[PDB]
Amino acid sequence: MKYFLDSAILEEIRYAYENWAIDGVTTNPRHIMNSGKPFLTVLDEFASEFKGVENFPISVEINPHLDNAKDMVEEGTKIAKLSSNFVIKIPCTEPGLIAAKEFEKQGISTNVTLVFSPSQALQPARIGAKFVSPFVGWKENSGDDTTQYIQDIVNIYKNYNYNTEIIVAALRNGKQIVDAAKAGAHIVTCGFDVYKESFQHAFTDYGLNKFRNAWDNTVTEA
Amino acid sequence: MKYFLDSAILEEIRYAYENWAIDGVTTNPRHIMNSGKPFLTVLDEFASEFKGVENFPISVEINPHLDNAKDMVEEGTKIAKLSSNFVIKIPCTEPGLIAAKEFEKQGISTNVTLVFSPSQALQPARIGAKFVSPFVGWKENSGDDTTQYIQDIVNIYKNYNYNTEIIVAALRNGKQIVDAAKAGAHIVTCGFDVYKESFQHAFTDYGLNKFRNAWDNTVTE
Amino acid sequence: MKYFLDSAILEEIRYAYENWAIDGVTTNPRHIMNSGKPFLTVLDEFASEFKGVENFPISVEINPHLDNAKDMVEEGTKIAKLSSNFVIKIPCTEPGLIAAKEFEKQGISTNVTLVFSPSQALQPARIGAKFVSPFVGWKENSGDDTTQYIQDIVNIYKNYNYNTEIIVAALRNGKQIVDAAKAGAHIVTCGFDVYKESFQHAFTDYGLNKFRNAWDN
Amino acid sequence: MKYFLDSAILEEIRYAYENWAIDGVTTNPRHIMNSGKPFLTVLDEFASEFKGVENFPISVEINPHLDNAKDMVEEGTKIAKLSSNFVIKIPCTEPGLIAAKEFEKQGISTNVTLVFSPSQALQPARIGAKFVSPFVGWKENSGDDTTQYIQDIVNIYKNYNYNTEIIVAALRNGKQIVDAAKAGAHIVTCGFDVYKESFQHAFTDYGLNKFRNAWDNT
Amino acid sequence: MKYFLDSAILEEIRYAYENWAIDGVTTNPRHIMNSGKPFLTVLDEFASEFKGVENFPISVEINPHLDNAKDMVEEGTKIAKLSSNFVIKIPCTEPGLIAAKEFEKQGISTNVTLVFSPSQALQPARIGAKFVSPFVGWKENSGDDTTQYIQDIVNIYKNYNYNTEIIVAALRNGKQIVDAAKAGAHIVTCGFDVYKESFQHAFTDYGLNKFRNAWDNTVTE
Amino acid sequence: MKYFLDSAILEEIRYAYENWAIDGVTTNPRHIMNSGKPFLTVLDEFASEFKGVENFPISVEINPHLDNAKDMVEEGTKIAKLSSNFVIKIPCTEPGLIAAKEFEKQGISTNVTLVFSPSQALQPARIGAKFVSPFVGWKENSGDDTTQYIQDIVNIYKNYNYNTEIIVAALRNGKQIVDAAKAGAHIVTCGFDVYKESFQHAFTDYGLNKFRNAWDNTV
Amino acid sequence: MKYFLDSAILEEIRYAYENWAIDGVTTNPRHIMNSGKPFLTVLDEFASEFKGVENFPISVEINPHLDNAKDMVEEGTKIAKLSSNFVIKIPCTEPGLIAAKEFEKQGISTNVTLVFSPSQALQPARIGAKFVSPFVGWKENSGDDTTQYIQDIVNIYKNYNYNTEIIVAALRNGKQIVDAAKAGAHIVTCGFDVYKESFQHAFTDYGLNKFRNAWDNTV
Amino acid sequence: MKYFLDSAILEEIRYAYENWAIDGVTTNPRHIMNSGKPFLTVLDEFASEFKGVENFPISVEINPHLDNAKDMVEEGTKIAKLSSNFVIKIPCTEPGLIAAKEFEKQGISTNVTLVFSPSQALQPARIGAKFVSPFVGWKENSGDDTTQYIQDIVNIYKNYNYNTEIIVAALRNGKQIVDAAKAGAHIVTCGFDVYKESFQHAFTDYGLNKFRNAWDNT
Amino acid sequence: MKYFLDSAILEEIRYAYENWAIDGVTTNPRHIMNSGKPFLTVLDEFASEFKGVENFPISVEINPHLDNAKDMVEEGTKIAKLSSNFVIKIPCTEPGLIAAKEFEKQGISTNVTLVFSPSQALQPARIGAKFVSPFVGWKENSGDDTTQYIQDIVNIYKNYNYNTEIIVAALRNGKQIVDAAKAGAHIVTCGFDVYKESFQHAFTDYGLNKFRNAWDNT
């Protein structure tokens, strides 16, 4: 089971890789923006940072204004050249899908994003996308429940033996990671702080204090 | 998992194949009618369109008036000759089944249609039909629930290791496609618009707009 | 349990009332458009058609461009004057809700529409809307399942004793009507043909033929 | 997999085999009676009709008056000689079981019938019966529910890897066939009319009419 | 069913009351801090803002350092005097509970907070607290599931006919509000933006645009 | 709804009453023993401690050697005289039940204990016992599951409108209290420490510390 | 909830009434036989034993050979005269039902027995029988499962507000009593030994011994 | 899959083997007592009765007074010598388990009995007992439900791939056998009469009569 | 399947190994304290006691004050040297995990403890810990239910084919052991008395007494 970091902050990515054994990285125009840096600079820093590393995907989203497959494929190919770690994040639209279909035919890995239902998830798999990214958070913000549709996607993918790997996305806490693990999603992608806190629990603190007292009442060096 | 187009409009079929990777095509006398064109011309256009393609079924339904296996087999064989992509759509009637039994014995692939229950679905499988097409929409229109009977058919087929492939039919939206995928149906057949919209979701639009704004506030070169 | 007609075609509405005992009517800018007639003409025809009847709601949607409660309330009040059967259909937006809150305070019945989740459904009830209209069809078209969220709304409303009545909307077949009946929704709203076919069943035809033979013997 | 015809009417059996691909036949003193013809004549007609067809069982029930295993085995052996397609239908009684145990030891296939519970179904399997026939209809007539006990039998058989094949019996409609298919029963046995109608549905008729109109407009 | 605002920002509280018909307000030392203002100033502004209004609770948390019921009761009484809308937020500790017991005996309403299990929720109810506040968010952050324990609390309270009202707390989205509504919780408390967004949905936007197009093709006036 | 203290330590009982609003007390020969005091002294201290208090049952178990109803009733009546708060704890045995039947006829409240199944729970209710005490802990120690049998008892009592109140007993933690609350048991009885800790949770500590930091940056 | 004794042994009935507060008695030709006495003697002993008692049914089964309603009604009326406690146990047959229908019209209480399915249970209720007795044990002996059909009967009776009271019959252990209590059956009928043992549990014995030790270490 | 006879009456055991294909035998001090014969005589008769037969376990319970593993192992070894069909029934006590552990190390098959919970069942499996015998009847007599704990044991054994075979014990009817079959218990052990009746059903009688009438109308 | 003893009392460990076939040992600073002996003496006694035994893990917890991976790894390596049976118990903290990651890279087995949720359990598995120890008791003391989160962990581990073995910890009775067995947890760790009593049941005692009477009458 794979943990990807949904961030564009290189220092977050460095720490995660070294200490958490993150299995890859996801970005989008919003995360790129909040990096403070320009797009091609972020990309360049990434290229260099992971020149060596062999099976470590970095999902990078093409200009969202694009409204036609031809242009989509052009701009994405440019980005692909920049590093073999890069995967092309692409919206689940009529052109988006057509473009992904082509990208994958040409052996360029894609990540279809802005998926919100199992029917939306099906087509990426049917065109042999390397990654599909179904969203939780935005739906929940509006009062929609997500647990069924995510489970459905996983079951469907397993049932029809599709290779496409599911990245559960827009996650905001540990419980949600667990939901996905229970569902059997291939991958999960979360902000730095989400993962950090998913490791920490008040009972651990409580436990340490119990044990510190006990140690302080033991002869610890005969 | 297989997506078939339930349409007779060649332009719809062309787009679907090129962009959606549809895995085949279903027709019926109503879709043939609404094509505007005559039957054997539709068939001819299809024959030529897919002369090349090897594993791409086109289900073509024999005249609904025919009321006897002998005639059914005659008329269907004629249609089969016209192209090796064609499969013979045949109603789930007493003669219909007998005809399919024979067609398949003679190595002509059939698609038993107008199936509405699992008991109706069983016999096609027992005769080694290549396809069975159970219906959702028409039942739902009259207030019947379909989800159990479809699931039952799939489970039955899997359980007794039949080769017959299930084409869930008379679908009208994405949710229903998903229901079938969850059930494990082999195939689904839908109109052009159904599939098109099954790929589109309001949250995607919402997402794009978020992202367009973000891009417009980033230095992209 | 109430059946409303989601149409703006007066002839459909006439037949429904006379033969199906429809309990009211829903409209929206799309149905108004497809009437062929202009808005205030449709409204006028309705006003006259039901001048007498006092217990028969007709939901009529204000201009969707409006982006402010003040204007919303103005335009809707105008429409309310035209007939006491009219209910003011209003989108579930921040201004939409504020407007409904006011309309209802002033004793003008509202129908909050374009509701797609239970959290969206809650606020209309909290503001004392006469009707809330959660949608099925558009969600299903995009692959979303609706059965839970509709059931949830009903349970929530019953549980907290809100008087707001649920109109399950964007329906397309009989099964879906039944889903709502099973859920306990107050109201359902459907096109003419949906209802017509929800009454008809192939086994009935089959049965008649059995019985015709028996009679003729 | 596995439709048997519960009839003694040879014309029904002929049609079924040729057109429905029935996988075998079950009979019973009641069906034999209502054939009109006498037992050994019915059997003879069957012997000739098939013998030579390889794996097509015809279940034929020994005299129900018999009350001792010794006699049961004698009379059944006689019937077995008449054709190797015949299987010996035998009631689930204390002697019945003892007889089946012996029949199967001697390589004569049996069908233990008048089974109404899973405990009754177990012993036939434990003695290596070729067929067990649990009943639905008669129980339902008296208000008993059957769906659990049938499911239980199937699960039990699968779970303990018994070769004995289940013939769900005393069926009266298509829904019930489906119940058994869902349960995973090996075999089902039904009257001619049951099967015939299990293939027909009012929506098909309705559909044909839609389609006839459409055809007439091209 | 009651919506409370979990904020100390007066402008948020004003808007909510006027437009959302919020039924009350919750605060805690963290929200007080992030107000920018000092505690007794925030309190004073509140007192004045709602001088008139009856049945509108404002939950205000006593100093968390306090480790003894005697002091707790002293400091809280002081706060209670400041306004009859105020409710005394109190941690679920051994002294916390003892203090609440006394406060309620003296007819001063309390809100027991930092409740994380049904056993913790029981004692406040057993002491006749006006409010108990069980937490969702912090638990979920550490990987704990909350839906059962919240449901349990509600069922328990209903089953033993306690008047104590449940305020589901540390909420972050609309789905979670719905979970609580389904559970039958009396009250929910959320930040401004949570509520705002719980009213908005991408399908509404999509719907408006459909309808705007339709209107633009209609002769209205 | 009701919390009883399963202890014979007076100081524990005092604190519980004053701070936790315990609704009553349960004892048994084991708790009496571990009090350190003699039986009739414990009882006397209780009598005096709660002379006033009107709705506060104290369950006190008769000698477990007794094997006949006649003697059981004699010894228990003696104990009942000592205080009107006292309830007579009695094992779920053939004589035990017969004795309870009589005690209740004579208007002396009983608590049938050492109940381990719903069939055992039924008869106390059928004889109009004031309390029945089904056990959790000892069963679980041997690997038996208890959740169904407790739920069953509650449902049965509610369904047939028995007055007898259920005291879930031999409890060891908060989760178990909650199980009983979910089941709808009338009463629960727990050791001092169980209740104390059932009120405390590591997330509360964590919360306080968050808030202490916030307070220290305010005002 | 009612416990009836399924016995014809008067000494069993005496003990049960005095100590267990049994709410009535059921009999059948097999129990009558194993009494050692003749039918009319058993009946006479019962009549006298409960001359006083007003609300205490004794179910007494007419000759099973009878094959016609007219005779059934005659013989049962004779038995009814003998005591107002008696209820007429009657098989669930075509004549059986017709007879019960008449008996009840004439205000003579009946108990329809040898009921094995809910459809069989329905008709007694539809004719206003005072008691219906569905059977568990004999079905289970042959491998049939009973839990559904009993639950179904209860739900059906409650749902359509029939007065007829359900006596779950041919019971053989405590678990089965509990099953019926869970189902909400009105009445249960069991042998002496069944009830006796339904009140005992090994953990109680274990508990007593723990407590005896504790008592022996207390002043 | 396996039916064992819980009896010490040799005539019952003979009939069962010959006609029911019983797969083995269980005994205990109570059944030995009710045989009428003395212990070592019963054992001797058994030894001789099955000298030949290869795979047919006979469970024989050591003196229940024993309170120590040393003695348990001594007395059981003595019994084992008497016949290789014998399995040593042993109570689920602290000494009981220790003894079984040793018996099995020494290649002597044991049957741990008086098991009433899954935790009790686990340790026998953990020490490689050939048989564990969980009880139904005595629990039910006191109002305890058994179906969960039995299912749990089976699932646990399957899940952790233990070889120990489960003998569901203290059974009294057919339904209970079925419960165990549904659960997937390896073995069941019942009195003669229980099994006998588990094969018979009122609907079979009813069926025979229908069929006798039909036969009588040739 | 695997029973570990959560104790530091050598005599308890000896008895358990010899009679219960315990599969290993867990300790923590509290158990070390309540041993009465000093830490490095306890460790030494263990080292010697199990010098031979090859597949027998002994979990030993490093100083809980440590607040950095570097120091953690240093102190743990020291302990590892002392015996190849020892596993390094480590709290589920940010440094704790980083340290475990390193320990395991260096081929030193770790046991991540003070795990209270599935998200906490995931990371140890993701870093290839040999053992994770999720806690039941302390949660239940505060009124939290644990059954789901334990089941979730097991299902998650199985589903993503992690080798890390789950030690359900802070158990206090037999029922809880069974819960874990039902869940499919790899390992369980319990105090001496818990296991002892998990083998004893009042019905066994009751059974013995029945049987003693019966034996005394032959």
# chains A, B, ... in the order shown; residues from 1 in each chain; ligands from 1

call {"tool": "interface_residues", "arguments": {"of": "chain C", "to": "chain A", "cutoff": "8 Å", "atoms": "only C-alpha atoms", "output": "PDB file with N, CA and C atoms, in the first residue's frame"}}
result
ATOM      1  N   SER C 117     -27.812  17.355  -1.506  1.00  0.00           N
ATOM      2  CA  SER C 117     -27.270  16.660  -0.354  1.00  0.00           C
ATOM      3  C   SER C 117     -28.169  16.913   0.840  1.00  0.00           C
ATOM      4  N   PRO C 118     -28.075  16.111   1.916  1.00  0.00           N
ATOM      5  CA  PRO C 118     -28.880  16.353   3.118  1.00  0.00           C
ATOM      6  C   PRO C 118     -28.518  17.626   3.881  1.00  0.00           C
ATOM      7  N   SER C 119     -27.248  18.045   3.814  1.00  0.00           N
ATOM      8  CA  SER C 119     -26.814  19.258   4.488  1.00  0.00           C
ATOM      9  C   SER C 119     -27.446  20.477   3.821  1.00  0.00           C
ATOM     10  N   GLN C 120     -27.574  20.405   2.484  1.00  0.00           N
ATOM     11  CA  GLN C 120     -28.270  21.415   1.704  1.00  0.00           C
ATOM     12  C   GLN C 120     -29.755  21.419   2.043  1.00  0.00           C
ATOM     13  N   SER C 142     -24.427  11.341 -13.842  1.00  0.00           N
ATOM     14  CA  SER C 142     -22.986  11.465 -13.672  1.00  0.00           C
ATOM     15  C   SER C 142     -22.404  10.306 -12.864  1.00  0.00           C
ATOM     16  N   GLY C 143     -23.252   9.347 -12.469  1.00  0.00           N
ATOM     17  CA  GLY C 143     -22.799   8.109 -11.849  1.00  0.00           C
ATOM     18  C   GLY C 143     -22.934   8.091 -10.326  1.00  0.00           C
ATOM     19  N   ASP C 144     -23.496   9.150  -9.737  1.00  0.00           N
ATOM     20  CA  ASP C 144     -23.718   9.209  -8.297  1.00  0.00           C
ATOM     21  C   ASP C 144     -24.969   8.407  -7.927  1.00  0.00           C
ATOM     22  N   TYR C 149     -29.014   9.422   0.236  1.00  0.00           N
ATOM     23  CA  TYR C 149     -29.140  10.817   0.607  1.00  0.00           C
ATOM     24  C   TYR C 149     -30.619  11.199   0.704  1.00  0.00           C
TER      25      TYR C 149
END

call {"tool": "residues_around", "arguments": {"residues": "residue 161 of chain D", "least_positions_apart": "6", "cutoff": "10 Å", "atoms": "only C-alpha atoms", "output": "JSON, numbers by chain"}}
result
{"D": [125, 155], "H": [1]}

call {"tool": "interface_residues", "arguments": {"of": "chain E", "to": "chain C", "cutoff": "8 Å", "atoms": "only C-alpha atoms", "output": "JSON, numbers by chain"}}
result
{"E": [1, 19, 20, 21, 174, 175, 177, 178, 181, 182, 184, 196, 198, 199, 200, 201, 203, 204, 207, 208, 210, 211, 212, 214, 215, 217, 218, 219, 220, 221]}

call {"tool": "closest_residue", "arguments": {"among": "F:116, F:20, F:39, F:86", "to": "chain H", "atoms": "only C-alpha atoms"}}
result
F:116

call {"tool": "select_by_dssp", "arguments": {"residues": "segment 9-208 of chain E", "states": "helix (DSSP H, G or I)", "output": "MDAnalysis selection string"}}
result
chainID E and resid 10:20 29:33 39:49 69:82 94:105 118:126 137:141 147:159 174:183 192:198 202:208

call {"tool": "select_by_dssp", "arguments": {"residues": "segment 36-113 of chain G", "states": "strand (DSSP E)", "output": "ChimeraX atom specification"}}
result
/G:58-61,86-91,110-113

call {"tool": "interface_residues", "arguments": {"of": "chain I", "to": "chain F", "cutoff": "12 Å", "atoms": "only C-alpha atoms", "output": "count of residues only"}}
result
36

call {"tool": "residues_around", "arguments": {"residues": "residue 205 of chain H", "least_positions_apart": "3", "cutoff": "10 Å", "atoms": "only C-alpha atoms", "output": "PyMOL selection string"}}
result
(chain D and resi 91-93+114) or (chain H and resi 200-202+208-211)

call {"tool": "atom_distance", "arguments": {"atom1": "atom CA of residue 90 of chain I", "atom2": "atom CA of residue 35 of chain I"}}
result
20.1 Å

call {"tool": "interface_residues", "arguments": {"of": "chain A", "to": "chain B", "cutoff": "10 Å", "atoms": "only C-alpha atoms", "output": "ChimeraX atom specification"}}
result
/A:28-41,61-66,91-95,97-99,101-102,113-127,135,138-139,149,151-157,159-162

call {"tool": "atom_distance", "arguments": {"atom1": "atom CA of residue 76 of chain D", "atom2": "atom CA of residue 132 of chain D"}}
result
16.7 Å

call {"tool": "interface_residues", "arguments": {"of": "chain B", "to": "chain D", "cutoff": "8 Å", "atoms": "only C-alpha atoms", "output": "ChimeraX atom specification"}}
result
/B:28-30,32-33,36-39,63-65,91-94,98,101,114-120,123,126-127,139,152,155-156,159-160

call {"tool": "closest_atom_pairs", "arguments": {"of": "segment 135-168 of chain I", "to": "segment 186-189 of chain A", "cutoff": "12 Å", "atoms": "only C-alpha atoms", "output": "Markdown table"}}
result
| residue | atom | partner | partner_atom | distance |
| --- | --- | --- | --- | --- |
| I:156 | CA | A:186 | CA | 11.7 |
| I:159 | CA | A:186 | CA | 10.4 |
| I:160 | CA | A:186 | CA | 8.8 |
